[PDB]
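*Asks:* For reference, the structure I am asking about is given below.
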Amino acid sequence: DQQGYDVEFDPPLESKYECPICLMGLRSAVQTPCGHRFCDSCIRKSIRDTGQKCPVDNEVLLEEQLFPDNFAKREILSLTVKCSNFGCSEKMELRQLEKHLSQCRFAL
Amino acid sequence: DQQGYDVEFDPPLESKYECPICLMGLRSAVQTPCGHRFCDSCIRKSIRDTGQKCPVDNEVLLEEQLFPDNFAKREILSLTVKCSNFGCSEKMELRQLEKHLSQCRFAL
Amino acid sequence: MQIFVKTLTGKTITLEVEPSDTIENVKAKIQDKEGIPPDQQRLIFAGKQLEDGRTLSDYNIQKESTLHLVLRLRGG
Amino acid sequence: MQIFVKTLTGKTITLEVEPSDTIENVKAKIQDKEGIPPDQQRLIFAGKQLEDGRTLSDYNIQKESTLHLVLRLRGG
Amino acid sequence: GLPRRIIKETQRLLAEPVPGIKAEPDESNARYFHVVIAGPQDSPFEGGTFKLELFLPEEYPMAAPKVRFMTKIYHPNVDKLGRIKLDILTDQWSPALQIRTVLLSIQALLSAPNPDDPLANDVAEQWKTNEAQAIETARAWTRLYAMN
Amino acid sequence: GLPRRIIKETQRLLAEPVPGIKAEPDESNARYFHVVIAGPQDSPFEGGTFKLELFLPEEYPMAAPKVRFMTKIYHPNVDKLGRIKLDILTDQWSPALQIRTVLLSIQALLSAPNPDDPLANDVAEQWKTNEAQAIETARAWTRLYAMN
Ligand SMILES: [Zn+2]
Ligand SMILES: [Zn+2]
Ligand SMILES: [Zn+2]
Ligand SMILES: [Zn+2]
Ligand SMILES: [Zn+2]
Ligand SMILES: [Zn+2]
């Protein structure tokens with residue numbers, strides 16, 4: 001169910017902070033032994049459905065071998081983003097989005 | 001004995017790729033559970049000499065809890081650097097430095 | 001307004017706050033960037049240790065004023 | 001010269017090579033950036049699978065020519 | 001409301017198209033794709049335009065997309081119904097792979113036919129026994145069925 | 001050939017100085033530092049300039065630097081020989097910490113004296129029993145020993 005962070009980044013989201021599976025910002029980032037980043041849910045879905053291997057190069061990858069890239073997470077959460085609601089022009093850090101989305105004046 | 005990568009980066013080395021212990025490029029980068037980067041040797045020296053804790057915030061840190069930030073390593077090795085020898089003006093990726101330093105025309 | 005915060009390593013970061021913000025509020029913003037819990041931080045300005053209770057307007061921290069970060073200070 | 005290489009995700013990277021470089025040489029440079037071993041890579045240009053033996057000058061890959069990356073292709 | 005990978009993956013593919021390959025989604029169903037792969041250079045199919053139909057299943061990207069030719073083609077790895085014997089679709093798939101890469105692999109398959117792992121057995125037999133005949137047959141099949 | 005952290009850490013500190021605190025290395029020994037901390041605002045030491053001597057040991061940064069005052073100062077956490085009762089130096093050190101941060105902590109210690117964890121016992125006793133007297137004593141000790 002849970003994918004990555006879906007919002008227009010400003011400047012646009014760099015590929016290094018992008019998930020190969022959902023093509024969005026890395027929600028709860030995790031890094032492999034071979035050494036690339038995925039969301040927590042997405043890579044575990046690729047293991048559970050598609051098989052115990054790293055999507056991009058077919059290297060060996062168990063579910064336990066993953067670890068959280070908390071350095072990457074702190075960087076991503078501080079990136080500036082635009083309000084996802086139609087009409088709103090305001091900007092903020094990604095960490096402050098969920099707070100503002102309740103406070104936003106344009107939501108349905 | 002072994003510290004980080006000691007060379008003039010161009011553009012200058014960003015703090016996110018810098019080791020807090022040696023103040024240089026992260027040689028064989030490793031990330032903690034609390035989530036910041038060190039060299040392989042430097043953090044293990046801080047554990048062995050100074051104690052089982054993360055230098056920057058005194059969080060709990062065993063020697064086994066570390067893991068290699070191979071994503072960070074690949075980024076650092078592709079950063080452009082200048083020749084460390086006195087007089088040489090040529091530039092290259094960090095990965096190609098050791099090869100060129102034997103081939104360099106200015107070394108003592 | 002902006003405020004400069006010099007970290008343990010020597011690197012600087014810039015936060016966005018108003019003078020009404022507490023020192024506990026600023027330490028919570030420094031936690032978000034660097035990943036250091038607020039109780040572990042000790043902030044210095046003009047050679048004065050800034051304590052959790054007061055605000056930035058009390059110590060008189062203005063636009064582009066440089067703070068300094070120090071580790072936990074307990075027993076001597 | 002420069003050459004564009006479109007990765008699996010859609011992101012592009014730009015390498016530095018000469019026409020004398022082999023396909024094995026270019027796959028080794030793509031390993032350095034992305035962390036994909038050379039045997040696992042399959043490069044496409046003008047709808048033609050580029051094999052390890054030949055060079056870039058044989059296939060006629062010029063300045064700012066866009067290659068494409070594909071995963072390992074074994075059995076059908 | 002479609003899965004929001006597909007909505008991005010459509011936009012990237014449509015905004016930055018691949019040279020030779022046209023691709024657009026069906027107006028009544030975003031999971032169906034009107035594909036038209038042009039015939040590659042220095043092959044049996046030099047100067048042809050072949051239709052295809054690509055479908056994204058329910059559990060995409062964890063399941064591979066189903067692709068079939070919508071044009072008659074004399075090729076050992078493509079059967080007379082249009083279904084393709086390509087490795088991306090019949091095993092060893094990963095969610096990292098995209099629509100863009102599948103169409104590139106199908107484009108690459110036309111330049112490199114492999115009778116040793118066949119699907120159309122009469123075509124694969126023809127290719128091994130008399131190769132120059134089968135290439136001329138495929139060149140005629142291009143002119144009859146795949147030029148306009 | 002010194003350890004190359006110290007050579008960078010000297011350059012950073014010298015190029016970007018701290019307001020109030022002067023610091024330079026000794027010309028014959030790079031491990032010794034001529035420090036001169038200015039007295040902080042709204043304290044007993046308002047408008048003074050105190051010398052210090054900072055030394056970097058062999059296994060720095062894994063061992064903390066040894067610091068001592070080179071000026072007479074009426075302070076409960078500083079003894080009559082000049083050695084300092086500050087927490088960075090007497091325990092719980094980490095190699096992340098630098099010379100810059102040590103001098104900032106010593107600067108901060110002057111504005112906030114703590115008799116409850118003392119070193120100079122006569123000064124710490126004087127501070128608790130008669131605080132306003134001890135502050136005026138320290139103000140005189142600044143004027144005698146620490147103004148030029
Ligand atoms: Zn994801
Ligand atoms: Zn991998
Ligand atoms: Zn809004
Ligand atoms: Zn280091
Ligand atoms: Zn930490
Ligand atoms: Zn050189």
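Chain lettering (A, B, ...) mirrors the order of the structure tokens, residue numbering begins at 1 for each chain separately, and ligand numbering begins at 1 in order of display.
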Distance limit 12 Å, atoms considered: only C-alpha atoms. Which chain A residues sit that close to chain C? Return them as a short mmCIF file (atom, residue, chain, number, x, y, z; two decimals) with N, CA and C atoms, in the first residue's frame.

*Replies:*
data_model
loop_
_atom_site.label_atom_id
_atom_site.label_comp_id
_atom_site.auth_asym_id
_atom_site.auth_seq_id
_atom_site.Cartn_x
_atom_site.Cartn_y
_atom_site.Cartn_z
N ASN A 70 19.82 6.18 7.34
CA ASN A 70 19.31 7.30 8.13
C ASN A 70 19.99 8.63 7.78
N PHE A 71 21.21 8.57 7.25
CA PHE A 71 21.88 9.76 6.71
C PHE A 71 21.10 10.31 5.52
N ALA A 72 20.73 9.42 4.60
CA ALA A 72 19.93 9.79 3.42
C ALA A 72 18.53 10.30 3.79
N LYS A 73 17.92 9.68 4.80
CA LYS A 73 16.58 10.07 5.27
C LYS A 73 16.52 11.52 5.75
N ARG A 74 17.50 11.91 6.57
CA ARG A 74 17.57 13.29 7.09
C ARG A 74 17.77 14.33 5.99
N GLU A 75 18.53 13.98 4.95
CA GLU A 75 18.73 14.86 3.80
C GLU A 75 17.44 15.05 3.00
N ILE A 76 16.74 13.94 2.73
CA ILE A 76 15.49 13.95 1.96
C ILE A 76 14.39 14.76 2.65
N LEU A 77 14.24 14.56 3.96
CA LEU A 77 13.22 15.27 4.74
C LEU A 77 13.42 16.79 4.82
N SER A 78 14.65 17.26 4.64
CA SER A 78 14.97 18.69 4.64
C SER A 78 14.89 19.36 3.25
N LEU A 79 14.68 18.57 2.19
CA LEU A 79 14.50 19.12 0.84
C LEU A 79 13.20 19.91 0.75
N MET A 92 7.85 24.60 1.52
CA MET A 92 8.28 24.15 2.85
C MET A 92 9.22 22.96 2.74
N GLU A 93 9.84 22.58 3.85
CA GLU A 93 10.59 21.33 3.93
C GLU A 93 9.62 20.15 3.94
N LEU A 94 10.05 19.01 3.40
CA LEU A 94 9.21 17.80 3.32
C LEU A 94 8.68 17.34 4.69
N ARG A 95 9.52 17.46 5.72
CA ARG A 95 9.13 17.14 7.10
C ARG A 95 7.92 17.94 7.61
N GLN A 96 7.82 19.19 7.17
CA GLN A 96 6.72 20.09 7.55
C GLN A 96 5.47 20.00 6.66
#

*Asks:* Identify all chain A residues at most 7 Å from chain E by counting only C-alpha atoms; ligands do not count. Present them as a ChimeraX atom specification.

*Replies:* /A:20-23,46,49-50,55-56

*Asks:* Would you write out those residues with N, CA, C and O atoms, as a short mmCIF file (atom, residue, chain, number, x, y, z; two decimals), in the first residue's frame?

*Replies:*
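Wrote it out as again01.cif, contents follow:
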data_model
loop_
_atom_site.label_atom_id
_atom_site.label_comp_id
_atom_site.auth_asym_id
_atom_site.auth_seq_id
_atom_site.Cartn_x
_atom_site.Cartn_y
_atom_site.Cartn_z
N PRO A 20 13.93 3.23 -7.19
CA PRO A 20 13.76 2.57 -8.50
C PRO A 20 12.41 1.86 -8.72
O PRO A 20 12.00 1.67 -9.87
N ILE A 21 11.74 1.47 -7.63
CA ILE A 21 10.50 0.68 -7.70
C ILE A 21 9.26 1.57 -7.88
O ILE A 21 8.45 1.29 -8.77
N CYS A 22 9.09 2.59 -7.05
CA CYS A 22 7.93 3.50 -7.14
C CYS A 22 8.19 4.81 -7.89
O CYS A 22 7.24 5.50 -8.26
N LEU A 23 9.47 5.15 -8.12
CA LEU A 23 9.88 6.37 -8.85
C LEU A 23 9.49 7.67 -8.12
O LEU A 23 9.03 8.63 -8.74
N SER A 46 9.57 -6.53 -3.40
CA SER A 46 10.39 -7.14 -4.46
C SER A 46 11.04 -8.47 -4.02
O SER A 46 11.25 -9.36 -4.84
N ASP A 49 7.56 -10.90 -3.42
CA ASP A 49 6.90 -11.23 -4.69
C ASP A 49 7.89 -11.74 -5.73
O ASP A 49 7.76 -12.87 -6.22
N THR A 50 8.87 -10.91 -6.07
CA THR A 50 9.75 -11.14 -7.23
C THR A 50 10.98 -12.01 -6.94
O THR A 50 11.46 -12.70 -7.84
N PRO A 55 16.96 -5.61 -7.25
CA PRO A 55 16.33 -5.34 -8.55
C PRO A 55 17.24 -4.92 -9.71
O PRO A 55 17.07 -5.40 -10.83
N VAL A 56 18.21 -4.04 -9.44
CA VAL A 56 18.97 -3.36 -10.50
C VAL A 56 20.16 -4.14 -11.09
O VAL A 56 20.61 -3.83 -12.19
#

*Asks:* Listing only residues of chain B within 10 Å of ligand 5, what is the closest atom pair and its distance in Å (to one decimal) for each, using only C-alpha atoms and all ligand atoms, sorted by chain and residue number ascending, as a Markdown table?

*Replies:*
| residue | atom | partner | partner_atom_place_in_ligand_line | distance |
| --- | --- | --- | --- | --- |
| B:31 | CA | ligand 5 | 1 (Zn) | 9.4 |
| B:32 | CA | ligand 5 | 1 (Zn) | 6.9 |
| B:33 | CA | ligand 5 | 1 (Zn) | 7.6 |
| B:34 | CA | ligand 5 | 1 (Zn) | 4.7 |
| B:35 | CA | ligand 5 | 1 (Zn) | 6.1 |
| B:36 | CA | ligand 5 | 1 (Zn) | 6.0 |
| B:37 | CA | ligand 5 | 1 (Zn) | 9.0 |
| B:53 | CA | ligand 5 | 1 (Zn) | 8.0 |
| B:54 | CA | ligand 5 | 1 (Zn) | 4.7 |
| B:55 | CA | ligand 5 | 1 (Zn) | 6.5 |
| B:56 | CA | ligand 5 | 1 (Zn) | 5.3 |
| B:57 | CA | ligand 5 | 1 (Zn) | 4.9 |
| B:58 | CA | ligand 5 | 1 (Zn) | 6.6 |
| B:59 | CA | ligand 5 | 1 (Zn) | 5.7 |
| B:60 | CA | ligand 5 | 1 (Zn) | 8.3 |
| B:61 | CA | ligand 5 | 1 (Zn) | 8.4 |

*Asks:* From a DSSP calculation on the backbone, collect every residue of range 5-87 of chain E in helix (DSSP H, G or I) and output the set as a list in words.

*Replies:*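 Filtering range 5-87 of chain E to helix (DSSP H, G or I) leaves residues 5, 6, 7, 8, 9, 10, 11, 12, 13, 14, 15 and 87 of chain E.
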
*Asks:* Would you mind listing the residues within 12 Å of ligand 3, counting only C-alpha atoms and all ligand atoms, as a PyMOL selection string?

*Replies:* chain A and resi 7+81-92+96-108
